[PDB]
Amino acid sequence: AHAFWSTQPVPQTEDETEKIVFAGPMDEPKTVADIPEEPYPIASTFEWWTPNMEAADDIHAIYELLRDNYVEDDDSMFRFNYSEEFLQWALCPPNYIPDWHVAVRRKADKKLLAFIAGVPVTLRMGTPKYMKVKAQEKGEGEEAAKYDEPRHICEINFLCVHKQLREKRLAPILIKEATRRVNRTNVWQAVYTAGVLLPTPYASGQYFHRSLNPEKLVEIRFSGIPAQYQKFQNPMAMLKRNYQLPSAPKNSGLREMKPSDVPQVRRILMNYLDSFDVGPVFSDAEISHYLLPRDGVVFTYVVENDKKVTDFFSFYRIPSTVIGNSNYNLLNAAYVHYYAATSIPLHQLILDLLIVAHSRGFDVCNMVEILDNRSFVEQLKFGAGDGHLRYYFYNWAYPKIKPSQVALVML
């Protein structure tokens, strides 16, 4: 059934995954000198290209590929429209490796046909808590702890093959060439997410959506007027009423994050993320990059009490193209990013996220049920959507975990 994935160092079935008791590698330990130094062969009408993320045209090329060919919902009504500013942010974190960004161009006209991106991430990915307990019970604690140290790996995103080149087996060639470039830098695991089921996730969760401009969401058929709002004489005013929000944040002490906040946000986030099995470790430079406000891209607020940062939240923007509607072209969505609460209940922190997003013109707030996101779904009127996000590793055995034990937000 899987001509390419059956060749790769990943768990092949759920049955195999339910047998995994320790974290660790799947593949032959290899070394850098064993890996081919030459790019993977590709047909003579194509060429490999390494975009220059400091070049505006190169970012534009990648932008147009993804605006016209990247992921859609399952009914082909919405397609992501990541902005050029967001791709420069997401692709160029501290100490990014230019060669981990891999593209195929048609050699004739230099048309971008395919793309995949890798960035560094420092991930805790040792054996999870529930499995470490079984280990203790069998007298296998040392095997179970072997790979506890945070590891410097590759996070993969933005895989895309142009619609005219679909189902020609171009994606496996792009994946093999990214793997080669990453293994040439002495990194042997990756982490990625997908909406589709592939062999084989270590965690899966639903997406949730909090309506901020319900009249537009209904108009573009992102949501409907739900059948129950029919027993009512007037269905939309009632829907607006249901989702209305304050005009200003309710936490006194909330403000935008500034550079001098970086070391306090680092400490409070790192302490919070320790409570999850799988999660990133960020330096001060990586907190600056991922969390300092950037117009149109990432939005971050802290709660300051007695001149100390005690809580914060962040959200990022990804608009979607609305595939043909006469009144609207764009869905403006905010996505819950990292957060940490120490002074107030998480629901009261995240209400201010919704208030800020709504006053900044966002139509919906989205999240996956990772972190402690399930703890504010009902009070903040999030509803499950039709999608899921599945988390995967390349070359890493990992016991199945709940999505509430995952702390890596993927952009």
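Definition used throughout: the rigid core is the maximal C-alpha set that superposes within 1.5 Å between two forms. Note that residue numbering follows the sequence shown and begins at 1.
In a rigid core superposition of the other structures in 8 other deposited structures of this protein, 47-55 and 343-351 differ in how far their CA atoms stray, and the farther one is 47-55. Comparing 312-320 with 117-125, the higher mean C-alpha B-factor in the PDB entry belongs to 117-125.
Here 213-221 and 133-141 are compared by their mean Cα B-factor, and 133-141 comes out higher. For the set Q88, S283, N327, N332, the maximum C-alpha B-factor listed in the entry falls on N327.
Of the residues listed, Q206, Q264, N95, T300, the entry assigns the biggest Cα temperature factor to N95. Ranked by C-alpha B-factor against the other modelled residues of its chain, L411 falls in the middle third. When the modelled residues of the chain are ordered by their C-alpha B factor, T193 lands in the lowest third. Per the deposited record, the Cα B-factor of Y229 falls in the highest third when ranked against the other modelled residues of its chain.
In the deposited entry, the Cα temperature factor of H162 places it in the middle third of its chain's modelled residues. Split the chain's modelled residues into thirds by C-alpha temperature factor. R67 is in the lowest one.
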